[PDB]
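Everything on this sheet refers to the single structure shown next.
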Number of protein chains: 2
Amino acid sequence: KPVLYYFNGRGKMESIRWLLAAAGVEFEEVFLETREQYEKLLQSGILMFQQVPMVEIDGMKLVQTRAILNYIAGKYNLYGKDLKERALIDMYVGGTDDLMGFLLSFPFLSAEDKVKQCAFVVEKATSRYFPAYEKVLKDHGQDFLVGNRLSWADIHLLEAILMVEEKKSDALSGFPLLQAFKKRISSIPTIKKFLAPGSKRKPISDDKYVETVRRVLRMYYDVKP
Amino acid sequence: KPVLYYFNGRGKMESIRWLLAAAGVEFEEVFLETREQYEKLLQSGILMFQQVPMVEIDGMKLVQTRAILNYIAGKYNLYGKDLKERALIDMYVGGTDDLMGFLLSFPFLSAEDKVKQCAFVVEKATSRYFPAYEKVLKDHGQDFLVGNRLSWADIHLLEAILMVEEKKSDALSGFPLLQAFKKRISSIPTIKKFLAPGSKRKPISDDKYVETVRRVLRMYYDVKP
Ligand SMILES: N[C@@H](CCC(=O)N[C@@H](CSc1ccc([N+](=O)[O-])cc1[N+](=O)[O-])C(=O)NCC(=O)O)C(=O)O
Ligand SMILES: N[C@@H](CCC(=O)N[C@@H](CSc1ccc([N+](=O)[O-])cc1[N+](=O)[O-])C(=O)NCC(=O)O)C(=O)O
């Protein structure tokens, strides 16, 4: 059973939690709460680059979020059928990875910049990413982004859709296909379960999360928008 | 055949030029010298997310640097031989990607910020990245990072090493295996050629470059370290 080393919040580990749940894969979590728990980890040398996320899976101590997702997508057949499909999946994931990235430092921002950051994110979504994914689905008319079947690109897009809707409830208005897309993917048994209450899915990160990360890593004390 | 659309400089495209070159793949380049070219590109809509780099290859208009690199590594067998090896390659690439990432804005940085960033990068190279790779090479004693054969990870690490040494010629001091690694990988025919004069390899980005980028995209004027 894979073990996820990160803090007790979303951050970069959330997308990992999603993919594993989507693959219907049971997993354990290890949360960093104290600076000494971390330093103890550095001492063991299990974090190749001194960072987290880190995931022990199949005898590996994988670090680097994209390497972790890539491996999981591949291991569970959520990475397409050939190089071409994977290329499309990677191009799509890169988009949502950028979009979600804009919300990763939100909890570390100040009320002042949070207001600005929210504006920036939503705008990027309605003017850049939603149009792009809405277009893919339209010109393809299929039920999924790639290969007419559930793939990691679909799962990454849904998570990003929901993160934006958490900021602007009506952000999907004007994107009928994406709306239908949301219903389909959200009803997949595994994803449906991950969305139901009581899952390991994490809520939006808050001060407690931020504060913990700062004590543990001694950084990001002044994250800029 | 493949056509790389980007500015006439390094930026995020340099890594792509590196991999293609190492794989023995000739390519064309289209530079953006005017705010016009861009606005015209947006019209055609060949930029899924309105961004560059973008590469036309095998009938695709691929955007998102990593998706492009991933595809190229896969197509020309520089991505290992199984999901496990791919994971290690993606993990290594993650590190060099962050390391080179820290230099990607360097040219846009102020006179003083550059000296701040310079030390930062060097700090990361000697205290975080170089050690990690030195350790990998030491643990299995092979000439290549993974699968005892040239991989994308070897190519990315070599580019990263040079970018660092361009800022500090003695950055590899204390990393003998990496020093031996530098010579070995550089000796490989395709790479030796890419490193020889007259190749499509880009020099350190100058003020001219920064100005052009700022023009074509009307962004990146206040880039912080
Ligand atoms: N490229 C690596 C980057 C990993 C990384 O930056 N890890 C951070 C924690 S995550 C993180 C750290 C800061 C913020 N932030 O918003 O300030 C958001 C997140 N996040 O995961 O969303 C870390 O361990 N830092 C310690 C160090 O570098 O010394 C990856 O994708 O996995
Ligand atoms: N995730 C995408 C990100 C692409 C991206 O940011 N592209 C930029 C140009 S590259 C770039 C732009 C600015 C700086 N900078 O240092 O300021 C460095 C680079 N770079 O490639 O290294 C762009 O097109 N921007 C226009 C827009 O957002 O509308 C990828 O990796 O390809």
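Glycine gets a Cβ as well: all are built from the backbone with ideal geometry, and neighbour counts include every protein chain shown. What is reported rests on the model, the rules as stated and the sources as named; none is laboratory data.
Structure notes:
- Residue match in the stretch B:87-103 (condition: in contact (Cβ under 8 Å) with a residue 12 or more places away in the chain and farther than 22 Å from B:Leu178 by Cα): no
- Unmet requirement for B:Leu178, which otherwise passes all of (1) surrounded by 20 or more Cβ atoms within 10 Å (Cβ to Cβ); (2) not in a helix (DSSP H, G or I): (2)
- Scanning the stretch A:91-110 for residues that are within 11 Å of ligand 2 (Cβ to nearest atom) and not hydrophobic (A, V, I, L, M, F, W, C) yields A:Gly94, A:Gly95, A:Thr96, A:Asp97, A:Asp98, A:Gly101.
- Among the candidates A:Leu104, A:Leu99, residue that is aliphatic (A, V, I, L, M), in a loop (DSSP other than H, G, I, E, B) and within 15 Å of the chain's Cα centre (by Cα): A:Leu104
- Residue match in the stretch A:83-90 (condition: within 13 Å of ligand 1 (Cβ to nearest atom) and within 15 Å of the chain's Cα centre (by Cα)): no
- Of all residues in the stretch A:111-130 being among the small types (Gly, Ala, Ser) and free of Cβ contacts under 8 Å to residues at least 12 places away in the same chain, the one that is nearest to ligand 2 (Cβ to nearest atom): A:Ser127
- Test: residue in the stretch B:192-203 that is closer than 16 Å to B:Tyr92 by Cα and within 16 Å of ligand 2 (Cβ to nearest atom): no
- Hey, B:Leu150 within 16 Å of ligand 1 (Cβ to nearest atom), assigned to a loop (DSSP other than H, G, I, E, B) and away from chain A (no Cβ under 13 Å) or not: no
- Unmet criterion (only one of (1) closer than 26 Å to A:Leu178 by Cα; (2) touching a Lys or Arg at 6+ places or on another chain (Cβ under 6 Å); (3) aliphatic (A, V, I, L, M)) for A:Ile46: (1)
- Subset of the stretch A:126-146 [more than 19 Å from A:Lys167 (Cβ to Cβ) and either surrounded by 19 or more Cβ atoms within 10 Å (Cβ to Cβ) or not assigned by CATH to the domain that holds A:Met91 (or both)]: A:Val136, A:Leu137, A:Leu145, A:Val146
- Of everything in the stretch B:11-31 that is among the β-branched types (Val, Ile, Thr) and either within 20 Å of B:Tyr79 (Cα to Cα) or within 14 Å of chain A (Cβ to nearest Cβ) (or both), the residue that is farthest from the chain's Cα centre (by Cα) is B:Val25.
- Of the residues examined, B:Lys168 is one that is surrounded by fewer than 17 Cβ atoms within 10 Å (Cβ to Cβ), of a type in the set (D, E, K, R) and not in a helix (DSSP H, G or I).
- A:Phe194 being in contact with a helix residue (DSSP H, G or I) (Cβ under 8 Å, 6 or more places away or on another chain), assigned by CATH to the domain that holds A:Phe7 and aromatic (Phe, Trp, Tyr): yes
- Positions within the stretch A:203-213 being farther than 17 Å from A:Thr34 by Cα and surrounded by 18 or more Cβ atoms within 10 Å (Cβ to Cβ), in sequence order: A:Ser205
- The stretch A:15-61: number of residues that are away from ligand 1 (no atom under 14 Å from the Cβ) and among the hydroxyl-bearing types (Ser, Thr, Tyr): 2
- The residue that is nearest to A:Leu158 (Cα to Cα), among those in the stretch A:32-50 that are more than 14 Å from chain B (Cβ to nearest Cβ) and surrounded by 16 or more Cβ atoms within 10 Å (Cβ to Cβ), is A:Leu32.
- Test: residue in the stretch B:67-76 that is polar (S, T, N, Q) and not assigned by CATH to the domain that holds B:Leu20: no
- Within the stretch B:75-92, the set of residues being facing chain A (nearest Cβ under 10 Å) and either crowded, with 19+ Cβ neighbours inside 10 Å or part of a strand (DSSP E or B) (or both) comprises B:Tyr79, B:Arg86, B:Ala87, B:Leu88, B:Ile89, B:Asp90, B:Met91, B:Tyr92.
- Remark: pairs (first residue in the stretch A:151-176, outside the structural domain of A:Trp18 (by CATH); second residue exposed (fewer than 15 other Cβ atoms within 10 Å of the Cβ) and of a type in the set (A, V, I, L, M, F, W, C); Cβ separation under 8 Å; 6+ apart in sequence or on different chains) = A:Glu166/A:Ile204.
- Answer residue from the stretch A:1-31, given it is farther than 19 Å from A:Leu217 by Cα and of a type in the set (A, V, I, L, M) and is surrounded by the most Cβ atoms within 10 Å (Cβ to Cβ) among those: A:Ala22
- So A:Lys183, is it within 30 Å of B:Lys224 (Cβ to Cβ), more than 16 Å from ligand 1 (Cβ to nearest atom) and in the same structural domain as A:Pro131 (by CATH): no
- Close Cβ contacts (under 8 Å, 6 or more residues apart or on different chains) running from residues in the stretch A:58-74 that are within 7 Å of chain B (Cβ to nearest Cβ) and more than 12 Å from A:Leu19 (Cα to Cα) to residues that are near ligand 1 (Cβ under 8 Å from one of its atoms) and aromatic (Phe, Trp, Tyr) comprise A:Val63/A:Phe49; A:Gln64/A:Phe49.
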